[PDB]
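Spelled out, the chains give:
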There are 8 protein chains.
Amino acid sequence: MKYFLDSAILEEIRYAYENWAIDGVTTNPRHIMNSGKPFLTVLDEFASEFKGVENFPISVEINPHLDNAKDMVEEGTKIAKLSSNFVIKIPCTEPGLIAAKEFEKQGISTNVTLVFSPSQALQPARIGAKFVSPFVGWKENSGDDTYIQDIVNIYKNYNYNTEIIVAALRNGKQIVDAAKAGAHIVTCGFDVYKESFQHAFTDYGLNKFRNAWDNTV
Amino acid sequence: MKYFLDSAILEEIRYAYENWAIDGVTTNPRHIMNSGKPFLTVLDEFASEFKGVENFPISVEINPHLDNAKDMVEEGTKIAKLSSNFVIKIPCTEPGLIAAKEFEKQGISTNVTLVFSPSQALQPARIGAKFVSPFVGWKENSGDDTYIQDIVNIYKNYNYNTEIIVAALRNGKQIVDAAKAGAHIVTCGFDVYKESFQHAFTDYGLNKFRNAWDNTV
Amino acid sequence: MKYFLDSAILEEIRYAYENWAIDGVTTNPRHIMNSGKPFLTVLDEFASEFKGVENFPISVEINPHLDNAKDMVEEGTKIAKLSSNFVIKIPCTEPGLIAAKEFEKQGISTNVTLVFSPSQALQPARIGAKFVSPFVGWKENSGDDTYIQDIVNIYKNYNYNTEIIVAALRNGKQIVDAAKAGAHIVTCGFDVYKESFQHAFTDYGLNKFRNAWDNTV
Amino acid sequence: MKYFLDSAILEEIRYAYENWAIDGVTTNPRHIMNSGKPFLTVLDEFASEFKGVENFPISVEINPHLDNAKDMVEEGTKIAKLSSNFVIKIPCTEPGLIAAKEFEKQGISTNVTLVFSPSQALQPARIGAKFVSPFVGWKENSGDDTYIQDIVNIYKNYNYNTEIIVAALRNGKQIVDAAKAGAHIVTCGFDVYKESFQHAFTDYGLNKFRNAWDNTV
Amino acid sequence: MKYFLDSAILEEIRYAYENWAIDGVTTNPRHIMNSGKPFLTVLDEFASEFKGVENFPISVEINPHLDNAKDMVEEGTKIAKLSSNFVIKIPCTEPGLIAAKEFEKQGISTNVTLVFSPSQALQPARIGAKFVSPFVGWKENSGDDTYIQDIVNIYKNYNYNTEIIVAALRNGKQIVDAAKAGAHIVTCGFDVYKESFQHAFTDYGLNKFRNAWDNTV
Amino acid sequence: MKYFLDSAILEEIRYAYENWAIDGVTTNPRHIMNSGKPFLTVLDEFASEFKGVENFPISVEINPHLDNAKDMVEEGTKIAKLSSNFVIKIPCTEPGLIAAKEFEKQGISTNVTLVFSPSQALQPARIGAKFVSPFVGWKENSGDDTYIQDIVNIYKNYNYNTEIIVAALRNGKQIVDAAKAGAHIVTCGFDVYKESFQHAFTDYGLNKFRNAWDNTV
Amino acid sequence: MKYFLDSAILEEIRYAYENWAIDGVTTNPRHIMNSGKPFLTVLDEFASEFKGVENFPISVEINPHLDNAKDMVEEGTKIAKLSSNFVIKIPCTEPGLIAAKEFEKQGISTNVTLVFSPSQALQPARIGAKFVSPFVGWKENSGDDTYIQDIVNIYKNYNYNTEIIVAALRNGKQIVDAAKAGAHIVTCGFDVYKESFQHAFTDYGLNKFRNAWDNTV
Amino acid sequence: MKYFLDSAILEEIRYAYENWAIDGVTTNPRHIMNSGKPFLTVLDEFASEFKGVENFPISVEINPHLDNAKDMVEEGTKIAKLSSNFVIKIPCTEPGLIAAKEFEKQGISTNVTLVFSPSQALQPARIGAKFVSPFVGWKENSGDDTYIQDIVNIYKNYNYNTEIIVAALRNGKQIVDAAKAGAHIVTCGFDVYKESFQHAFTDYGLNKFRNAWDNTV
Ligand SMILES: *[C@H](CO)[C@H](O)[C@H](O)[C@@H](O)CS(=O)(=O)O
Ligand SMILES: *[C@H](CO)[C@H](O)[C@H](O)[C@@H](O)CS(=O)(=O)O
Ligand SMILES: *[C@H](CO)[C@H](O)[C@H](O)[C@@H](O)CS(=O)(=O)O
Ligand SMILES: *[C@H](CO)[C@H](O)[C@H](O)[C@@H](O)CS(=O)(=O)O
Ligand SMILES: *[C@H](CO)[C@H](O)[C@H](O)[C@@H](O)CS(=O)(=O)O
Ligand SMILES: *[C@H](CO)[C@H](O)[C@H](O)[C@@H](O)CS(=O)(=O)O
Ligand SMILES: *[C@H](CO)[C@H](O)[C@H](O)[C@@H](O)CS(=O)(=O)O
Ligand SMILES: *[C@H](CO)[C@H](O)[C@H](O)[C@@H](O)CS(=O)(=O)O
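Residues numbered from 1 in each chain as written, not as in the entry; some residues may be left out. Chains lettered and ligands numbered in written order. Part of a larger assembly, values for the part shown. Heavy atoms only, no water. Residues with missing side-chain atoms left out of burial classes, pairs and counts.

- In the PDB archive, cryo-EM is given as the structure determination method for this entry, at a resolution of 2.1 Å.

Here it is as structure tokens:
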């Protein structure tokens, strides 16, 4: 079970890597905007921070305005040449799935993102995408239930190597739901991971055990 | 999981093969009528388009007026001699199942089509048919629920090699249903496959990510 | 169980009313475009065709470009003054739900349309909308399963009078699904209703009964 | 729970009425052919046999070649004028459902027969048909499972008065299935009803009780 | 919930009536054989023991060799004239169900016994039998599962007044199964009822409570 | 999945073997009576018809009046010496199970027939019977549900080699039920197998495809 | 699946071994009391009857008054020295489980009996008991449902070698329940096994087949 | 299935090890307080009692006031140097999970305790903790249901080596629940284990068997 940090802040990426053993980092144009640093700067820092680190995937989304699979393959080839840890994140669109098939044929790892149905997840798997990111939070915010188990079951039934990254996770119960389904990776913000490791009953027992220790020689 | 294009139009067969990685093509007398070209012409084009292509099955239905298993075996032998990619499509009738058994004994791949029950699907499997096409859409149009899981389970329980091609699919949710069942192949029209790759929430997120990219250096 | 004809063609509305006993008619900007007649013309014809007919709701969508609840209430008040059978169809948006609450307070029947979740369906019910149209087909085309039972159950549990019109229906099995859920109305095109009344086994039995009648004095 | 005798033989109709308390009789063009008597003769006998008997419905199918709802309404009006116990049986076709609506409007009881889906059963219910006959045996002979519970549930959910007559029953377990569903009537041949009343364990116990009676004063 | 004593011994019938509040008594030719007294003697004793007792049904089976419904109605009329508490027990056979219908029409209460299927139970209910006795033990002895819930559900769905007497019960868990189903009456031997009222954990607690009482003033 | 023809008519056994690929033939004293030929004659014909054919089991029931396991072993040894394809069919009785154990010890294949419970099926499996025939139709005719899955599951859980032959099958849906359970063989009459291969929707599609072929060059 | 005869009568042990292929014999102080012979006599007979027979376990319970694990190990060592087929049966008590652990360490096979919960069954399995006998009948007589599946599942999940002997079985349906659960052995009285092999429908079919044989040359 | 004694009393640890075959011992600051001996004394006794014993884990919780992962690693390193059987028990806190990762990297076995959710259990598993103790009793005392199966399933799905120790167990039914889930170890007090081995029906049968033994030679 892999825990990828959904963050573009290197103070949180450094902490989670040294204390929580994160297995990777996913970013989106909104996480880079909230970074406050320019996109190319965030990339240079991520490339140096994990220069030697192997098996540490760093998903980086290309220009979201790209509408042609040829323009996406040219932009994502440049970003991928900046670090061997970088995985080009492409939206699940006609030209994104065409661009993700060309990328995977050239050996550039791709993360087909913005997948909201098991039918949108199967094509990324048929073209050999390294990762497929099915989003949960967004659909829930609009009163929809969250097809995650279907994707895991389909991927397994047809022996697909594509690794599922359940995204838009907002609480540790949604981490439990992804783990109970059999999802390969779960991407979450730093605070979702911290709170998931904490429980009120752990503080209750700690107080009961701290009272006992004191009433003991 | 194989995606066969249920079309007799070579502009859609060429596109789907180069961009969607279709694994085969299924046709019926109605798809050839809608082609606007004569049957033998459509066949010559399909034979040349995929002359060398291997592992690209092209299901072609014989004369639907054929009532004798001897007349079907003579007509389907001629069609099969036109290309090594051609798979003779035979209706699930007494003389069709007798003709499909003789064909399979002579090494001519057969696709027993128009199967609407798991009892009609088991005989094609007992005679070594290469493919069995259980239809879904038709029964649904007449208010019937769609036995697909039963066929998959029976085929698996008795280790049958016949590959199930769920046919008459009209939406990507019916593609999800076939994949969740464990069907080997799903045959669908070009537009059913395009829409199955698209979602409104992908366009919503794309707009949110395009706004962020713009408010970023 | 009400069967509303999802059509803007008066040859199909007249036939379905005299032969199928349709209980109402729903239209959308795309059905009026396919009519080939101007919007106001379609309305004048519908107003005269059912001038006296009572209990025959005719859902008519207002300008889809309207972005303010004040502009929607002014446009839908004018359309509603054209016939007592007309029910203003408003999209499930912030300004649509604000405009549907003002309309319902003035006694103008409203059909809150484009609802794709049970959370989007509950607010229309809390403001006293006459109808709420949850769409099925669209979500299915994008590989999503179709929350219809949840809306029926919620509406029932909280004794809401809003009538549910399952929309975007494409086959008679989806009519069976809405009826099995307990939906009040189902809106479908003329051809979806015709095919739903037909079955191959009815033609099989008819042939067996026609052979018997002939072999009988 | 009503038990209608699916027979055109008056020796079996007379016996079942006096010993099994049958509540009605259903006939089809094939049962009249097997009678060996002309159709009008069978009708005259049925009309006299139950001249006074009230609440004894006798379903009689009109010419199966009738293709127009006007020709069906003229033929079924004549048959209905032969006895007040006669219920015109009409096939679930476009012109049959149009003819069944006109018949029911004139007060002639109709039994919409050859219904093989819950979508084909709902229209007969919307037009006020007295009876709707969903067939089971035929679909089973072709390897299909038998939607009967759906029709019962739909009819109940929407408070329909149409009475469901499960037809083509071949064994007492299928009578148990219809009764467990809540079907109003079950139509079966004389032999299906006799065997349904018998069990091997009743003959076993009878032998054990006959041995005890003998070893007792 | 009624508890009928399945016994022909008046020492056990007297005890169960005064201490367990039995609501009735069922007997079969084998229980009368095991009585050791002649049939007519057992009847005279039962008639006097409960001469005035009202609402105390005493099921008495007629000659098990009777093969004609006319001979059964003559024999059961004589037995029924011996006491107003006597209920003629008739086997679920063609002539038994014909004889049970004639008996019920003359106002003689009948208990259609030896019923081993829900199809054999429905006819007794359609003819107004006072009681129907579905047997459990026999089928279980031959490795069959015991349709009891189906009969209860059918009887309830069709508002039948016939009271179900689950028979051949051998343990209190089978009494629990009949009560959980909703059966009206359960007939069991004296020892099945005694053991059903006892539990090892009641003797365990009694010992714990007897030790406490002793260690208390 | 094996399809054995439950017939004693060699015109139907020859056809089913050459066109349907039947894997064996089962017969009972009633099938031989309906043959119209003497028992020994039917056997001589079956022995010559399949003289060389290997792996073609021909189940033949011994004298049904045999009451001793010694008399059954002497009669079934004689019948088994008439052909190597013959499998002695013995009833599931005390002396039948004793005779089936002696037969199996001498290397004579036995088919323990007339099994109506999973407890009656387990003993045949413990003594190494080659086949066990659980009957379905009979129990259904008496309103009983049909323990078939239990036998399949028990046989599998305890790794038994005995092959289950679901018998008394009357429709292709009961063939689907046996295949869904995992039964090894299904024995059915010639007409049950023919109708199981046919569907009304296959004739509907055939007509739609025959109309298209005609409106095509 | 092993069938052990729960009897201390050697006429029934000899018959069941030669005709039913019993795999072992279980006895309790009550079965030896009902034998009418002294305990040591029953043991001498059982030791000689199966002197050479290998793999024929003969469970023999030690003095039920033994309260110390040391006294049980001394008494059960003596009984075990009388025959290599003897398996010391010890009650599931504190001193019984302590005595069963010492016995199993010395290589004396033990059958921890009187187990009525899955928690009482797990300890016998943790100490390497050869057999654990969970009782069913007793709990049922006191209206309790019968944890048997839990023990089978626990034993399997933790790869325990202890073989489960479902005891206190009273009918063949309880044999079916133990086999459906996956129990290793089932111990039952001679009559429970005989009746489990018999069915009324086997006698019905036998009569139908005996009538056919007679009406045949 | 391992049974660890949740006790700090060496009279109960010695007994359970020699008679119940306990596989380990877990202690908490409250068990050491109830010991009445100083913490270091309890440790010295446990270290000598099991000096040579291998594979006998002795979980010992560090100072519950420790708030830094550096202070926990220094205190738990000292305790671990006292015996090779000692396993440092650390609370599931941010600094506890950081301290448990450092400990496991240095080869010191750790038992991450006070886990009350499957999200708090997954991180201990990702850092290679030897044991994870999910608590049940506490949550139940506050009216919460007890996620134990989820942890077992997650651990299994992702092939984690961490062994689950279900803690705060209060009865043998909660031992059955942990065993039915597939938990590796269950830690319980001495009295929970004794009562789990006892049943009232074992004392009932013992009395029935003691009466029989007496009425026997
Ligand atoms: C990439 C998917 O692999 C992104 O990081 C994703 O957008 C979302 O996970 C998060 S959020 O909605 O922006 O919070
Ligand atoms: C062949 C089956 O393998 C055909 O292509 C099939 O008819 C249907 O898939 C499609 S449709 O109803 O004609 O659309
Ligand atoms: C109104 C809803 O009440 C409309 O008629 C609706 O848009 C859809 O039902 C149909 S479609 O997708 O345009 O076919
Ligand atoms: C009328 C329906 O109400 C008929 O009697 C019906 O056809 C079938 O019930 C019977 S069969 O297939 O002809 O046996
Ligand atoms: C009457 C049914 O109402 C009888 O008493 C019945 O036979 C059985 O209940 C009992 S037994 O098998 O004879 O024990
Ligand atoms: C043998 C079983 O293996 C027989 O052929 C069997 O009796 C039945 O299958 C058929 S029927 O009831 O006689 O139709
Ligand atoms: C031994 C268990 O392995 C005995 O034989 C057991 O007591 C019971 O099986 C039977 S009964 O209750 O005494 O009938
Ligand atoms: C250690 C967990 O592995 C402890 O022994 C634990 O606290 C609890 O099991 C018990 S109690 O609540 O203190 O009884």
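1. Regarding the overall build of chain A
1) Next: The helix and strand inventory of chain A stands at 11 helices and eight strands.
2) Next: By principal-axis analysis of the C-alpha atoms, chain A measures approximately 70 × 40 × 30 Å. (Helix = DSSP H or I, 4+ residues; strand = E, 2+ residues; numbered from the N terminus.)

2. Quick notes on the packing of aromatic side chains
1) Next: Consider the rings of A:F50 and A:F56, whose centres lie 4.1 Å apart with planes at 10°: the pair is stacked.
2) Next: Among the aromatic residues, those joined into a cluster by ring pairs are A:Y3, A:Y15, A:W20, A:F190, A:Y193 and A:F197.
3) Next: In this arrangement the basic side chain of E:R126 is found over the ring face of D:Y3, its NZ or CZ atom lying 4.2 Å from the centre. (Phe/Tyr/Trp six-rings, centres within 6.5 Å; stacked < 30°, edge-to-face > 60°. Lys NZ or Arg CZ within 6 Å of the ring centre and 35° of its normal.)

3. Here we look at the interface of chain B and chain D
1) Next: Chain B puts seven residues into the contact, and the matching count from chain D is seven residues.
2) Next: Taken together, the residues of the side of chain B that touches chain D sort by class into two nonpolar, four polar and one charged. (Contact = heavy atoms within 4.5 Å. Nonpolar A, V, L, I, M, F, W, Y, C, P; charged D, E, K, R; others polar.)

4. Concerning the sheet that holds strand β5 (residues 110-115) of chain E
Residues and elements named next belong to chain E.
1) Next: Here eight strands make up a closed barrel; going around it, the order is β1-β2-β3-β4-β5-β6-β7-β8 and the pairing parallel. Each strand axis lies, on average, 30° off the axis of its neighbour in the sheet, ignoring direction.
2) Next: As paired strands, strand β1 (residues 2-6) and strand β2 (residues 24-26) are joined by three bridges and run parallel to one another. Its bridge partner being in β2, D6 is matched across the sheet by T26.
3) Next: Contacting β6 (131-134) and β7 (163-166), helix α8 (residues 148-157) crosses the sheet at an angle of about 170° to β7. (Pairing = 2+ DSSP bridges. Axes fitted to C-alpha atoms, helices over the stretch in contact; angles between N-to-C directions.)

5. As for the relation of the copies chain B and chain D
1) Next: Relative to chain D, chain B is turned by 180° and slid 0.0 Å along the rotation axis, the superposed coordinates differing by an RMSD of 0.0 Å. Both copies of the chain, as the preceding transformation shows, are related through a two-fold rotation axis.
2) Next: Counting the interface residues of chain B, we find that 100% of their copies in chain D are interface residues as well, pointing to one common contact surface. (Least-squares fit on C-alpha atoms.)

6. A look at the pairing of strand β6 (residues 131-134) of chain F
All names here are of chain F.
1) Next: Relative to β6, strand β5 (residues 110-115) runs parallel, the two sharing three bridges. Pairing of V115 across the sheet is with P134, part of β6.
2) Next: One crossover worth recording links β5 to the parallel β6 by way of helix α6 (residues 118-126), and it is right-handed.
3) Next: Across two bridges, β6 lies against strand β7 (residues 163-166) in parallel orientation. Among the inter-strand pairings, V132 is bridged to a residue of β7, identified as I164. (Right-handed = clockwise from strand over helix to strand, strands pointing away.)

7. Considering the UniProt feature "active site" in chain A
Residues and elements named next belong to chain A.
1) Next: Listed under "active site" in the UniProt record, and renumbered for this structure, are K89.
2) Next: Inspection of the secondary structure puts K89 in strand β4 (residues 86-91).
3) Next: In this view, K89 contacts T26, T27, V60, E61, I62, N111 and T113; residues no more than four positions away in its chain are not counted. (UniProt positions renumbered as here; feature names shortened; annotations may be inferred.)

8. A closer look at the relation of the copies chain B and chain A
1) Next: The transform that puts chain B on chain A rotates by 72° and translates by 0.1 Å along the axis, for an RMSD of 0.0 Å. The transformation relating the two chain copies, once decomposed into turn and shift, fits a five-fold axis.

9. Some points on the interface of chain B and chain A
1) Next: With 32 residues of chain B in contact, the opposing surface of chain A contributes 37 residues.
2) Next: Elements with a contribution of two residues or more to the side of chain B that touches chain A: α1 (10-20), α9 (172-181) and α11 (200-214) of chain B.
3) Next: Sort the elements by how many residues they give to the side of chain B that touches chain A and α11(B) lands first, with 10 residues.
4) Next: Residues of the side of chain B that touches chain A, tallied by class, amount to 17 nonpolar, 10 polar and five charged.

10. Notes on the arrangement of the chains
1) Next: One finds no contact linking chain A with chain D; the least C-alpha distance across the pair is 26 Å.
2) Next: Over all C-alpha pairs, chain B and chain H never come within contact, reaching a minimum spacing of 20 Å.

11. Description of the side chain of D:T187
Residues and elements named next belong to chain D.
1) Next: Within the element layout of this structure, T187 appears in strand β8 (residues 185-188).
2) Next: Only 2.9 Å separates the side chain of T187 from the backbone oxygen of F4, close enough to count as a polar contact.
3) Next: Here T26 takes part through its side chain, which lies 3.0 Å from a polar atom of the side chain of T187.
4) Next: Those residues in contact with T187, other than ones at most four positions away along the chain, are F4, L5, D6, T26, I165, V166, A167, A168, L169 and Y193. (Polar contact = N/O pair within 3.5 Å; in protein donor to acceptor, adjacent residues only side chain to side chain.)

12. What to know about the environment of H:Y204
1) Next: Here H:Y204 shows up in helix α11 (residues 200-214).
2) Next: For the pair H:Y204 and H:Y147, spaced 57 residues apart in the sequence, the C-alpha separation amounts to 37 Å.
3) Next: In this view, H:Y204 contacts E:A200 and G:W138; residues no more than four positions away in its chain are not counted.

13. Quick look at the pattern of salt bridges
1) Next: In this structure, the salt-bridge partner of D:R126 is C:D23, at a minimum N-O distance of 2.9 Å. Taken as a pair, D:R126 in helix α6 (residues 118-126) and C:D23 in the loop between α1 (10-20) and β2 (24-26) lie in two separate chains rather than in one.
2) Next: Of the charged contacts, one joins H:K173 and H:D177 as a salt bridge, the two residues approaching to 3.0 Å between their closest N and O atoms. Taken together, the residues span about one helical turn, with H:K173 and H:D177 both in helix α9 (residues 172-181) at a distance of four residues. (Salt bridge = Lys/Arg side-chain N within 4 Å of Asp/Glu carboxyl O.)

14. What to know about the sheet that holds strand β7 (residues 163-166) of chain B
Sheet strands associate in pairs through backbone hydrogen bonding, adopting either a parallel or an antiparallel arrangement.
Residue and element names in this part refer to chain B.
1) Next: One closed barrel accounts for eight strands, arranged β1-β2-β3-β4-β5-β6-β7-β8; its pairing is parallel. On average, adjacent strands in this sheet sit at an angle of 30° to one another, irrespective of strand direction.
2) Next: Sheet strands in contact with helix α3 (residues 39-49) are β3 (58-61) and β4 (86-91), and its direction is about 165° off that of β3.
3) Next: Contacting β5 (110-115) and β6 (131-134), helix α6 (residues 118-126) runs over the sheet at an angle of about 170° to β5.

15. Some remarks on the environment of G:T113
Residue and element names in this part refer to chain G.
1) Next: You can see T113 is positioned in strand β5 (residues 110-115).
2) Next: For the pair formed by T113 and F135, sequence separation is 22 residues and the distance between their alpha carbons is 8.0 Å.
3) Next: Apart from the residues lying within four places of it in its own chain, the contact partners of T113 are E61, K89, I90, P91, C92, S133 and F135.

16. Let's talk about the packing of helix α6 (residues 118-126) of chain C against helix α8 (residues 148-157) of chain C
Residue and element names in this part refer to chain C.
1) Next: Interaxial distance between α6 and α8 falls to 10 Å at its minimum, and their mutual angle equals 30°. Considering the angle they form, α6 stands roughly parallel to α8. Handedness of the crossing formed by α6 with α8: right-handed. Note on element contacts: α8 touches α6 through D150, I151, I154 and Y155, opposite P118, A121, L122 and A125.
2) Next: Of the residues that constitute the contact of α6 with α8, the class distribution is seven nonpolar, no polar and one charged. (Parallel < 35°, antiparallel > 145°, perpendicular 65-115°, else oblique. Left-handed = near helix turned anticlockwise from the far one by under 90°.)

17. Digging into unusual backbone geometry
1) Next: Positioned with a positive phi, B:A168 is a non-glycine residue whose angle comes to about 55°.
2) Next: With a phi angle near 55°, H:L114 is a residue other than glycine that sits in the positive phi range.

18. Some words on helix α5 (residues 94-105) of chain E
1) Next: An ideal rise of 1.5 Å per residue puts 16 Å on 12 residues; α5(E) measures up with 17 Å between its terminal C-alpha atoms.
2) Next: Among the residues trailing α5(E), E:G107 stands out with phi positive, at a value near 90°. (Expected span 1.5 Å × (residues − 1).)

19. A short note on the packing of helix α4 (residues 69-80) of chain D against helix α5 (residues 94-105) of chain D
To characterise two packed helices, one gives the angle between the axes of the helices and the distance between these axes.
All names here are of chain D.
1) Next: At a closest axis distance of 8 Å, the pairing of α4 and α5 adopts a crossing angle of 50°. Taken together, α4 and α5 sit at an angle that is classed as oblique. Here α4 and α5 pass one another in a crossing that is right-handed. Contacts between α4 and α5 pair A69, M72, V73, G76 and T77 from the former with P95, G96, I98, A99, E102 and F103 from the latter.
2) Next: Here the residues of the contact of α4 with α5 sort into seven nonpolar, three polar and one charged.

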